[PDB]
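Going left to right, the first sequence walks through residues 3 to 267, 270 to 713, 717 to 766, 776 to 1012, 1031 to 1053, 1056 to 1242, 1247 to 1366 as the deposited numbering numbers them. Idealized CB from N, CA, C, for every residue including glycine.
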Amino acid sequence: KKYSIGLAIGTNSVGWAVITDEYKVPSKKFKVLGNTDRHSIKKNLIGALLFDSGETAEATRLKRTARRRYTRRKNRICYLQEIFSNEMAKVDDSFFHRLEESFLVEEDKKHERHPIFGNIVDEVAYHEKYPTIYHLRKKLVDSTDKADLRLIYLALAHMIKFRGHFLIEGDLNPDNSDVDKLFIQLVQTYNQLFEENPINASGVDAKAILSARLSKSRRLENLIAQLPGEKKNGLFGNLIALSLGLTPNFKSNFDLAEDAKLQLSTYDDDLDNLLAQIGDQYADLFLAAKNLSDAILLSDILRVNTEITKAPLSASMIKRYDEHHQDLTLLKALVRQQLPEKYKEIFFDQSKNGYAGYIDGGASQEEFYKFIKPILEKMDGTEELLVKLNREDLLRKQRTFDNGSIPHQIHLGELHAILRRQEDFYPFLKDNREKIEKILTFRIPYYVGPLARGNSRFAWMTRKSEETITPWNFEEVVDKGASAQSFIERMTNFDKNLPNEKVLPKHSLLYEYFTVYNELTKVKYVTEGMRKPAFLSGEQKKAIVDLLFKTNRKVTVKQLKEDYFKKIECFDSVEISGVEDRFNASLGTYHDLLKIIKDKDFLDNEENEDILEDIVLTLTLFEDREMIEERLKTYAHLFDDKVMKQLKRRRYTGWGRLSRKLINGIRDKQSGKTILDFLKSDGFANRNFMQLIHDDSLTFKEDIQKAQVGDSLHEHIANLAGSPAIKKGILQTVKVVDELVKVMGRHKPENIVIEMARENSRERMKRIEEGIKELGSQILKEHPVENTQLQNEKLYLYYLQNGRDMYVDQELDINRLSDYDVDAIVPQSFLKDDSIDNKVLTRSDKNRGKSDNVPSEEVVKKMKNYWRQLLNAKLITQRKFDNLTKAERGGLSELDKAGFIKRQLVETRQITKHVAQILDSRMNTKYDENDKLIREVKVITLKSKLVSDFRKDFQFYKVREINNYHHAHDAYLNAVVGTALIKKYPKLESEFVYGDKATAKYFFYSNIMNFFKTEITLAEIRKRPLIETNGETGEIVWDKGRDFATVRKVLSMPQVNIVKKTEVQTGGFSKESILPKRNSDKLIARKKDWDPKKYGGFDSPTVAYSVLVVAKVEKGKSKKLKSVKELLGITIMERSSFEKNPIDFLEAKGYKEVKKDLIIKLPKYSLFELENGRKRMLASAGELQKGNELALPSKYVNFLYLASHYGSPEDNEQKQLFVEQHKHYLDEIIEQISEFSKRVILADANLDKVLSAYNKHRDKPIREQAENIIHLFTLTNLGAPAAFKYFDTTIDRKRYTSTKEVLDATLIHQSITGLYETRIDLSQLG
RNA sequence: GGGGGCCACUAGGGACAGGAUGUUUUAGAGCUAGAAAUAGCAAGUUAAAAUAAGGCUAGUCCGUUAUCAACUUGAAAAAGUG
DNA sequence: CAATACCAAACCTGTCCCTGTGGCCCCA
DNA sequence: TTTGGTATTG
Ligand SMILES: [K+]
Ligand SMILES: [K+]
Ligand SMILES: [K+]
Ligand SMILES: [K+]
Ligand SMILES: [K+]
Ligand SMILES: [K+]
Ligand SMILES: [K+]
Ligand SMILES: [K+]
Ligand SMILES: [K+]
Ligand SMILES: [K+]
Ligand SMILES: [K+]
Ligand SMILES: [K+]
Ligand SMILES: [K+]
Ligand SMILES: [Mg+2]
Ligand SMILES: [Mg+2]
């Protein structure tokens, strides 16, 4: 008994089928367990496992980190309170107690209900004096009087609990404090550089213009209009644009070659690049520019002069409050006079988006502005209010979403000011000033992680001493060096060849020397007199490195031909091979360090090698400039302070893939030279890295094998590189294979054919914004778009093309997108790529050139520079540009077309290879006489296009919406096609079986599947035999008279084992919304003592799994015991408690005399069978999902495919004629559905509405009726009910809101395939 | 030629350090007429605390990813059963 | 009960690591 | 988005 297995791996399904020699699917009698009269059941060996999508760990990580942030903010507040404790107890012994219980109702409060002062008079007086906390903050910053210690604490705690961001390094307010001075300084340095061309900035109000709340380009345009004869793209205009945050191009200002694109948000290296060109005199000007940028950015936040207060942030918040009060008074009076009938709706109705809903309801600032703008325009005297509205500065709150701009240095400034003011009166404030400042300023460094003590699987921090870590002892306790080192080392891999040696930093001088020599050793050259191309000698390589690679960042073939061959070897003409255009490798770190230290002989001396290797290591291993300085301190005696200061600023990222002990460590026994020594000089062999480590005449290979040195199935799958969903699918696939082998008497299959399925608007908006602002285009200003709109392909392409045709240098129209074309760069007949990377928006595809290849040479000549512009704006990826410009490189060769066609059939994804390797190592385990693996089971891998084209060519159509059978059918067809293909052409095994002339292969791989067809009309016409056999063995592979009927019969089988994977629900406890208080037991307490009737809380908890409880409950005021059998849902939160002791939990819920052995655990999707084969699945403890599949006959499936328009003229006509001849199928299909629905679905209202809808549109075209019949199957689909639409009628989901019936139905436990069952008659309980 | 190093580019994962909102209860004395409903007016911008219940291992740590049909034997971890 | 309509926590900064696809150079 | 919880309405 022989057989093969077909598998179909997806993100939510694994289809499986077993085939025999005749491509038939067996059927067995499987034993049935339980308490029913059923002792066995007949099963076809075909089916599909279904499961919910596997989830990433991202949301869990975000929740975890936010948890930690909340804990540590609470800890900051606790630190501050511990500092204040004794003196606050002297002032008010219950202040912090009233603060802690501020949330409680007065009934539960143990102290007075007024927090700050404990009596109503002082509280109302405070609130009248300081209506916002920022009033108190400004008062405590400015005033000189001794203040109440409680108000001091309130200010400092408001600053610490909400402390602003840490994106800016260093300190703030360094001079500056105004824009006018820095604009004046920029004008002064400009006039210093251009005495002949000065700028008259007199009468120019830079403060208002550059601090005005307008777009950067608009403030640019304003300031430039203020200066006549100076344009926006001149030098001064570009400096002001750089200050405003734009990306100006300084190339045209200095007649440059290198594109001097500068954005102050790579800028250090970009500016050093540009500064290399015009070195002296031009650095201080850009210094002034960046300073002006900082001033404008701060003016965005501080909207009050900084000379009347040391609390400009609090003063700006008070400005917000005062303008809010004034504008609210004016708006109230205006509405009272002009539209008095609307006043109530605006100022009393929380449901509307007026001021009532704005302050008390749920309306946002945006919703309120939208609600009130029409009212403002309809009235008189609202022009200034509309100005403040369109600038988003009307009736502003102080606690808003845009406060994220506030850096922590400003809050720290106000905190330090208050501490300086009040430490004169409180000695403990003087002694703890820096402590409180540190509380505000201290972050745990990202390279340190959780400050754990051996109970966190996420932590890596090592501590210098065993004691509690505080913000003040962090450096003394935490080993920041070892922690920052472990941060990188636990994530970087080791040398694969030497698994114990760490890999080198990517920018290591040794590593780049290695790469350069390894590329250079394979270069070959020819001249006239030479008989044969020769390698470069060690001397020639050293000369090229010392002359070209050590004097230019990049070395072109031009530089190699001219600066070496002509100058040294005196070769007027030389032909170079092994390199094209320029060398890929380069000694970048060499030149970085040459610019920083300016001592070339130091860099060339090998004595300093180690030192240099360490420095780079430091610069790569750490990012904190202070730790970099501490590590480089041991070299402070070797470099001038300028060089050291320039060095500690230079940092590197990334790691190599080989170790230092591999490059320049291990040596060959006889030659005594390392790998790098071989790369530099190796006589006339010039062996490269692969050859060097694979040469048996050398000791490197055996040392690698000697140095080279257990995981479970789940561990191995979890460590794969892929999405977690497909990994869940892979694990389920392996489990299915194991169970299927057990079904076949432990016999291993002949073959296993596997196929793996092919696997945001904010990112599109970000791409388009960055590309357009890098492009300097006004199309975004003239055409506003929302992120959702970018889900349209043509509009996204329009904005990615700056509103132009791509094949012609002409304007495009948004309104005319329905008339334009979306073309494939490389034609889809070669590369089945439908992504934005291979698609393009043009006016007409005809303008691409010929449709049989890449865009023509003419279109390339015309459009290449526009394409490069779109590429630099990152509106085009490099691959898209290269496929567009392929024509200038020869276009598509015949080899390229052959490779594209082979790609469509031969799977080369790595994840599929890993699935194949797992299954292959699981099936084949024995070794032969030569100790080579015995391949009993051939693991074949196919691409979906094979079986797709098979279905379409032999009318084995699939319709996904009818049911889930198509997964199992795909697995079956995979098994059949794969086995038949490798039987017909065994030589293709190396292509399709895991383990170990362009026109010819094009034709071959195009016609690989023709052996299934009887006649093949490939342009002329040819025909094939009825029986297809192997050429050598003479064995039969395909009988076109009998085997196609076998496939039809297999696909028509109604009994297919569809199994929905039962899963305990995990995740959050309940819905996240904190609901207001309500008289309902559905509310869940947010804290142990917070009675939800008083404090509100959560509802809508998730049921981890239900439990069948058979027990008794008290009834009536008599508490009389009454036997019950019902479904109790255990919420996720309750699950641990319920599992620690189920009897105590159930008795706590009210059940008595619980029959402990009759407790049945029922996870989600638990299957129940009732009457007439009707099946339900457990959606919850109180709701059910549809549990039955509609096995629609194959004739109706193919009719629905063809009629709905889901080729040759004669064949299209034959299919249309078949559709019209079998129009009655329509009614028949309806009938089928109806019967199914009346037997299983039981939705009388929905079914009647659907029948009326079908009888309403009987005059509609057949195609439309068919594609609506496709929608109809949502009523009958397995799983959760859902709403659908028949033409323009909407059918709402009929839900199953009661689970009482399944308590007497038959519970079905299914193995992973569903072949093994256990059926429990629940009627026999209770 | 499965594989490997490099260069240019873009998809799929993982971890950590932080920010600004949101929500919830309470505090911010509403007034006047009315028995009451209710009417007329005034006011509104702020703060505290919580932000998965909580856990022990008590850390300025952990608490939403992964994994799970049933049954026998097992404390589990496991194997085994048609 | 049965049916119906409504509801659902979101945004952002920075540091770093990895594998993967895919055009090119060189090899095993 | 999809889909299970919730309060209303009979
Ligand atoms: K993040
Ligand atoms: K009380
Ligand atoms: K001008
Ligand atoms: K609101
Ligand atoms: K190159
Ligand atoms: K670094
Ligand atoms: K889930
Ligand atoms: K789960
Ligand atoms: K919320
Ligand atoms: K490669
Ligand atoms: K993308
Ligand atoms: K109130
Ligand atoms: K199962
Ligand atoms: Mg907590
Ligand atoms: Mg808040």
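For ligand 4, I want to know if residue i counts as a neighbour, meaning its beta carbon is within less than 8 angstroms of at least one of the ligand's heavy atoms.
| i | result |
| --- | --- |
| residue 363 | yes |
| residue 355 | no |
Hey, is residue i close to ligand 8, as in C-beta under 8 angstroms from one of its heavy atoms?
| i | result |
| --- | --- |
| residue 1167 | no |
| residue 13 | no |
| residue 1100 | yes |
Which residue's Cα is closest to the Cα of residue i: the options?
| i | options | result |
| --- | --- | --- |
| residue 34 | 1347, 1366, 1364 and 1363 | 1347 |
| residue 597 | 648, 1119 and 626 | 648 |
| residue 141 | 265, 61, 422 and 184 | 422 |
| residue 858 | 308, 545, 839 and 589 | 839 |
| residue 1112 | 625, 294 and 366 | 366 |
| residue 762 | 955, 891, 687 and 1277 | 955 |
| residue 557 | 123, 543, 572 and 520 | 520 |
| residue 358 | 395, 399, 384 and 1266 | 399 |
| residue 55 | 1272, 1150 and 1097 | 1097 |
| residue 254 | 935, 266, 273 and 234 | 234 |
| residue 828 | 1004, 819 and 534 | 819 |
| residue 618 | 30, 408, 515 and 85 | 515 |
With a threshold of 8 angstroms (Cβ to nearest heavy atom), would residue i be considered close to ligand 15?
| i | result |
| --- | --- |
| residue 78 | no |
Closer than 8 angstroms: is that where the CB of residue i sits relative to any heavy atom of ligand 5?
| i | result |
| --- | --- |
| residue 583 | yes |
| residue 588 | yes |
Using only the heavy atoms of ligand 6, determine whether one of them is closer than 8 angstroms to the beta carbon of residue i.
| i | result |
| --- | --- |
| residue 424 | no |
For the putative contact between residue i and residue j, defined by C-beta atoms under 8 angstroms, what is the C-beta separation to the nearest angstrom?
| i | j | result |
| --- | --- | --- |
| residue 1226 | residue 979 | 5 angstroms |
| residue 703 | residue 672 | 5 angstroms |
| residue 300 | residue 213 | 6 angstroms |
| residue 449 | residue 628 | 7 angstroms |
When you measure from the CB of residue i to every non-hydrogen atom of ligand 7, does any distance come out below 8 angstroms?
| i | result |
| --- | --- |
| residue 57 | yes |
So does residue i have its beta carbon nearer than 8 angstroms to some heavy atom of ligand 13?
| i | result |
| --- | --- |
| residue 1351 | yes |
Would you call residue i buried or exposed, if buried means 16 or more other Cβ atoms sit within 10 Å of its Cβ?
| i | result |
| --- | --- |
| residue 937 | exposed |
| residue 1350 | buried |
| residue 670 | buried |
| residue 1326 | buried |
| residue 631 | buried |
| residue 794 | exposed |
| residue 815 | buried |
When every heavy atom of ligand 11 is checked, does at least one fall within less than 8 angstroms of the C-beta of residue i?
| i | result |
| --- | --- |
| residue 852 | yes |
Kindly examine ligand 9 and report whether one of its heavy atoms sits closer than 8 angstroms to the Cβ of residue i.
| i | result |
| --- | --- |
| residue 1109 | yes |
Inside the stretch 1270-1347 only - beta strand (DSSP E) runs reaching at least 3 residues:
Correct list: 1324-1326 and 1329-1331.
Please list the segments of the beta strand (DSSP E) lying wholly inside the stretch 623-700, counting only runs of 3 or more residues, in order along the chain.
659-663
Which ranges does the beta strand (DSSP E) cover as unbroken runs of at least 3 residues, wholly within the stretch 802-865, from first to last along the chain?
837-840 and 855-858
Go through the stretch 282-325 residue by residue and report every complete run of the alpha helix (DSSP H) that reaches 4 residues or more, in order.
You should have 287-305.
Residue ranges of each alpha helix (DSSP H) run of no fewer than 4 residues wholly in the stretch 341-417, ordered along the chain?
Listed in chain order, the complete alpha helix (DSSP H) runs (minimum 4 residues) inside the stretch 341-417 are 347-351, 359-363, 369-381 and 387-394.
Please list the segments of the beta strand (DSSP E) lying wholly inside the stretch 517-601, counting only runs of 3 or more residues, in order along the chain.
For the stretch 517-601, the continuous beta strand (DSSP E) assignments of 3+ residues that do not extend past its boundaries occur at 528-530 and 579-581, in sequence order.
Which whole runs of the beta strand (DSSP E) in the stretch 919-947 are 3 residues long or more, in chain order?
none
Note down, one range per segment and in chain order, each alpha helix (DSSP H) of at least 4 residues found wholly within the stretch 1165-1228.
1168-1176 and 1178-1185
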